[PDB]
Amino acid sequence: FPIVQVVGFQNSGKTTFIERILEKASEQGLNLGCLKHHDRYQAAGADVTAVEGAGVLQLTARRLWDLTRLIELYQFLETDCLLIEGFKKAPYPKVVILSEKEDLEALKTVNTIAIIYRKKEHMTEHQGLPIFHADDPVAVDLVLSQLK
């Protein structure tokens, strides 16, 4: 169940990056979920509430939640794969967006498969992975290839 993550400080360009990937996955019939780490019936005390109509479900669910369980949820709704925007602490392969060379320090994490540096004044060769500009299409294509 392939998983790629996108991690980065606020305002790095994560949503735009993710949008490009998702647009390109539709066109390829790739079946790909998306997960972002961040009222009456809900207010009267229900934990799990939803609306469904014309093939679209809108669900709010108070648990219990950690990443493993969110992934099982995605398996259960029968997606092929999963793009996650955040949970840097997770062990899944991940693309790191840097707004500045010194972002990489505080973004402490494993399984980093690429870096996107937003400024090209300071994209120092970093050992052991490839480096793109933010707008390079190869970087979106690198993500899809890992998603299959």
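Note that residue numbering begins at 1 and tracks the sequence as displayed.
The deposited sequence places no unmodelled residues between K108 and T109, so the chain runs continuously there. Stretch comparison (19-27 versus 122-130) by mean CA B-factor in the PDB entry places 122-130 on top. Here 41-49 and 85-93 are compared by their mean Cα B-factor, and 41-49 comes out higher. Annotation for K36, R69, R63, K101: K101 ranks highest, by Cα B-factor.
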